[PDB]
Amino acid sequence: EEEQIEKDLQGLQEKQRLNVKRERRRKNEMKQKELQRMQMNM
RNA sequence: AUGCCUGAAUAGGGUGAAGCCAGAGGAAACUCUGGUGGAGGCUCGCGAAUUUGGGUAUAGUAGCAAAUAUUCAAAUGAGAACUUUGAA
């Protein structure tokens, strides 16, 4: 009964941590990509 | 040997390069995983070679001339294996 609460709490916390790391990486990558595109047309 | 002008042709199978997308590891650089993409001195059926047209430069013996399967009936004709029609 409580095992389900513990399991989905831990799973969704892990999902949020992975999402935070992935979003940081994606934001850095997209920022660098658009800066390179801006400086590439010359 | 090296060319020039105007045309035809430069096919197919396999593999899967940069670049890109979504993920995981790392502070970056980067490295793996899946996809996408469709590139090449990649493969498959000092030397040699490097498709093609037109134009234009520097004893009646050997044997039967070799491309397989012919058959039946009728017509023509002096004469039909070889011509013609039908059937196989």
# chains A, B, ... in the order shown; residues from 1 in each chain; ligands from 1
$ interface_residues --of "chain A" --to "chain B" --cutoff "12 Å" --atoms "only C-alpha atoms (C1' of nucleotides)" --output "VMD selection string"
chain A and resid 18 to 19 21 to 22 25 to 26 28 to 29
$ write_last_selection --atoms "C-alpha atoms" --output "mmCIF file, in the first residue's frame"
data_model
loop_
_atom_site.group_PDB
_atom_site.id
_atom_site.type_symbol
_atom_site.label_atom_id
_atom_site.label_comp_id
_atom_site.auth_asym_id
_atom_site.auth_seq_id
_atom_site.Cartn_x
_atom_site.Cartn_y
_atom_site.Cartn_z
ATOM 1 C CA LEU A 18 17.004 14.122 -14.926
ATOM 2 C CA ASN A 19 14.762 16.792 -16.458
ATOM 3 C CA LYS A 21 20.057 18.243 -15.918
ATOM 4 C CA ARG A 22 18.752 17.681 -19.453
ATOM 5 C CA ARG A 25 22.310 20.937 -21.166
ATOM 6 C CA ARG A 26 19.702 21.722 -23.838
ATOM 7 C CA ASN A 28 23.392 25.686 -23.120
ATOM 8 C CA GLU A 29 23.464 23.841 -26.453
#
$ residues_around --residues "residue 88 in chain B" --least-positions-apart "3" --cutoff "12 Å" --atoms "only C-alpha atoms (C1' of nucleotides)" --output "VMD selection string"
chain B and resid 70 to 73
$ write_last_selection --atoms "C-alpha atoms (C1' of nucleotides)" --output "PDB file, in the first residue's frame"
ATOM      1  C1'   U B  70       9.342 -31.392 -88.308  1.00  0.00           C
ATOM      2  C1'   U B  71       4.292 -34.318 -89.528  1.00  0.00           C
ATOM      3  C1'   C B  72      -0.805 -34.913 -92.091  1.00  0.00           C
ATOM      4  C1'   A B  73      -4.529 -33.564 -95.924  1.00  0.00           C
TER       5        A B  73
END
